[PDB]
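**Student:** To start, I am sharing the structure in question, which I have written as structure tokens.
None of the figures in this text is laboratory data; all of them are computed from the coordinates on show. With ideal geometry, Cβ positions are generated from the backbone for all residues, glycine too; neighbour counts draw on all protein chains shown.
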Amino acid sequence: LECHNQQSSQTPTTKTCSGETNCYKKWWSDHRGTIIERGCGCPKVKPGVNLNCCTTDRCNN
């Protein structure tokens, strides 16, 4: 499984997961706007964070 792992609006990058069967994208806003974190797995998040856990290559851009 290949998942995006770049932050926010950075040029996209991916990593090849080593066991995981989800990718994730998590996002919320601060005083500057939207922050995005991306990687392998499907983590628990703090309430009020937006989360996508998806199951296909590069699904979390």
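**Student:** Within segment 4-21, restricting attention to residues that are assigned to a loop (DSSP other than H, G, I, E, B) and within 9 Å of the chain's Cα centre (by Cα), which residue is surrounded by the fewest Cβ atoms within 10 Å (Cβ to Cβ)?
**Tutor:** Residue satisfying both the conditions and the ranking: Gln7.
**Student:** Right, another one. Tally up the residues in segment 1-39 that are closer than 18 Å to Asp57 by Cβ and among the small types (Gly, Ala, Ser), please.
**Tutor:** Residues meeting the conditions: 3.
**Student:** Quick check: is even one residue across segment 23-32 aromatic (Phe, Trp, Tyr), on the phi < 0 side of the Ramachandran plot, within 11 Å of the chain's Cα centre (by Cα) and surrounded by 14 or more Cβ atoms within 10 Å (Cβ to Cβ)?
**Tutor:** yes
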